[PDB]
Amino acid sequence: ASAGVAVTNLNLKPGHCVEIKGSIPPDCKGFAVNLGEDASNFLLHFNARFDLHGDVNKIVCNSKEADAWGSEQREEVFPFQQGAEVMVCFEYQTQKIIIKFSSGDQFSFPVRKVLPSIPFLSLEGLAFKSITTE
């Protein structure tokens, strides 16, 4: 019940973070937060699947390069429920991106292409409330 917001010139630099605060529709099959250069190049594609692509309550991360998906990293921790409010924070480190939830849960993804700064961010299926940088 939505189409995601897109942000350009975010210019996220190593050692900094982006915190998204949003709301999950009560029939959301899954939602995604993409950090990259454009819709064909993602350093991180964070996908929380409620029931989608054969995944039920599972987090799938991956990168994309020239429209081609890399190898997925699945995560067991799934602190979400349809209709709730998400509060995610992404810290950019040259080696990895640390994802932290208000739940107290944390995990990282490895950086496969170091960027001097990250210019693009987009959301899907997530009704955005506020986006912040630090």
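All residue numbers refer to positions in the sequence shown, first residue = 1.
- For the pair 124-132 and 1-9, the mean B factor over Cα atoms is greater in 1-9.
- Mean CA B-factor, 88-96 versus 53-61: the higher value falls on 88-96.
- For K29, the recorded CA B-factor ranks within the highest third of the chain. Only modelled residues enter the ranking.
- The PDB entry assigns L43 a C-alpha temperature factor belonging to the lowest third of its chain's modelled residues.
- Among all modelled residues in this chain, the alpha-carbon of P116 has a temperature factor (C-alpha) in the highest third.
- Per the PDB record, residue ranking by Cα B-factor puts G83 in the highest third of the chain.
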